[PDB]
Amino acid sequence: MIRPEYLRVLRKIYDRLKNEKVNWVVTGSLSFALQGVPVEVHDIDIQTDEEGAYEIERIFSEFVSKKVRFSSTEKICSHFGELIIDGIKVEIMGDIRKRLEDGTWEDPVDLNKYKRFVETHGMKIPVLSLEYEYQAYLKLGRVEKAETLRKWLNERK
């Protein structure tokens, strides 16, 4: 499913994080593909906690394209940075919070609650619950992506 160039970058990421005390999960398109959803993989998204975002930046320091900084829109905020590894963009998002209807910010997710693991090519990759991402996508208005996930999930069940 996943194109070799993405598998190779995933391995580079895994090899540097697998023995470090960092809470991380792959999210978005690569996570969906790893879990069997036939979506196109464009870029890599890594979700973590606040401390983890700065740790990942340190661990991958030679690949940094944008330093991690607390960054907000009206709709979402996180400790956000970027790597480029072999031409592939890797976004780092620590302690993501979505804006609620009343203008408060939700608490960041407990990543461990929604984490699962996919074995691929000798790697045990942490990924985010598809049900969780489906619901998050609805809240953000990413309706086509949510409905793609939902259709695939419905077709398993």
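Note that residue numbering begins at 1 and tracks the sequence as displayed.
As the entry records it, the average C-alpha temperature factor is higher for 141 to 149, out of 12 to 20 and 141 to 149.
Taking only CA atoms, the mean B-factor in the PDB entry is higher for 34 to 42 than for the other of 34 to 42 and 58 to 66. Among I88, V26, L111, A53, the highest C-alpha B-factor in the deposited entry belongs to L111. Taking the PDB entry at face value, the top CA B factor among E119, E106, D49, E131 belongs to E106. Compared with the other modelled residues of the chain, the Cα B-factor recorded for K98 ranks in the highest third.
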